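Two forms of a single protein chain come next, each set out by itself as structure tokens; they are called structure 1 and structure 2.
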Structure 1
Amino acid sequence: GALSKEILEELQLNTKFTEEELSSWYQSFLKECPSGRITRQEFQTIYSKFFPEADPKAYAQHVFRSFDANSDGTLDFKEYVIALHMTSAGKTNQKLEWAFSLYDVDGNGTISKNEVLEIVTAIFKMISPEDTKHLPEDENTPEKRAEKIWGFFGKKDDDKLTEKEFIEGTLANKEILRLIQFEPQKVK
């Protein structure tokens, strides 16, 4: 097929390849995935291959789920391309609403204390133990990282974090941005 003028428009406001190039990638994608769909197991394998120093299965599953809040089924080429952009390219502040969808594990519209710990833990496993030693003491375990996040938002244990407030805080408080950071290369 051809990449629809519509998906190209979709992709080019959310990422950066070009129209023709995304078609080129698409034609190759179709050769390898004839149905134009990729399963969660297939998507996980991409992360397994390219993060040999890490244990990225949980992270990849959460990233996959951010495009349905469902684990079964598939992604299409558009979601697959956007997923790779989110994890690996561009600047974080252009990604804040997607970050919210990542952290809202159950997709119920708000973020809970446990959901922060789940995603923080998954991201934490993307970092080698070599790199883990260079992290500051008060931010070197998933529990410390996740509790610092929850405290930066002024939250009690049973509170619910809205998208409005998540965007505000990730924009304003650069310590929050550092702690919620989901691109493995940027978790320094």
Structure 2
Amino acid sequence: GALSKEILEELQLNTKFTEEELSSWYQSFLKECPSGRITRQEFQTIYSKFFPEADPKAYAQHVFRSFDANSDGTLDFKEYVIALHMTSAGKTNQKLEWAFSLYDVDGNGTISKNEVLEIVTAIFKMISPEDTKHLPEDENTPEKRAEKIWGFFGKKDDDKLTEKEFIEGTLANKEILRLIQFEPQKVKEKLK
């Protein structure tokens, strides 16, 4: 009710649901998760189920962590709905602040070279083996993709990437957007 309103406030035009629809989904959510909280393991199970061609555990863990840099505890319904929107609905360029939170693995406010590699690796595991053969040579392994991203940002190995820079680059350089892309269907689509 007031819960759905908060979801709409945060998603705005990213939403695929009205307030009434969210409330119905919530009532169903509570039948299966009566506390209204979902653990990381439970969240991972959703992705394992719906991406049978992939190895989604790492990806789902990073998505769960995106909100607070914490693997422990739970998501509430709001965070769970937002997470599913981030992975699955809408346009990547409407998700850039969230994408920064995804890439900032340790939550310290900047992205390191290793963090890019970690997230790129997790996303890469969402790609079916069939589909990976059709990636460009210079973008067909996690190391190649992560190093390309780092190079597009003009970064030395020990440099830190700020949110300001990340947003600028992902807006302006469409090659950066393509390489940081985290939605499994989109990576697959622009692949084919």
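FYI, numbering is relative to structure 1, first residue = 1. Shifts are known only where both forms have a C-alpha. The term rigid core refers to the most C-alpha atoms you can superpose between the two forms while keeping them within 1.5 Å.
- Please name the single residue among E9, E168, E175, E20 whose Cα shifts by at least 2 Å between structures 1 and 2 after core superposition. Spelled out, the residue whose C-alpha shifts by 2 Å or more is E9.
- Shift in Å of the C-alpha at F100 between structures 1 and 2 after core superposition: C-alpha shift for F100: 0.1 Å.
- Item | Core-aligned Cα shift of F67 between structures 1 and 2, given in Å | A shift of 1.4 Å.
- Query: For residues common to both forms, which consecutive runs of 3 or more show C-alpha displacement of 2 Å or more between structures 1 and 2 upon rigid core superposition, listed in sequence order?
  - Reply: Only one moving run appears between structures 1 and 2, namely 1 to 16.
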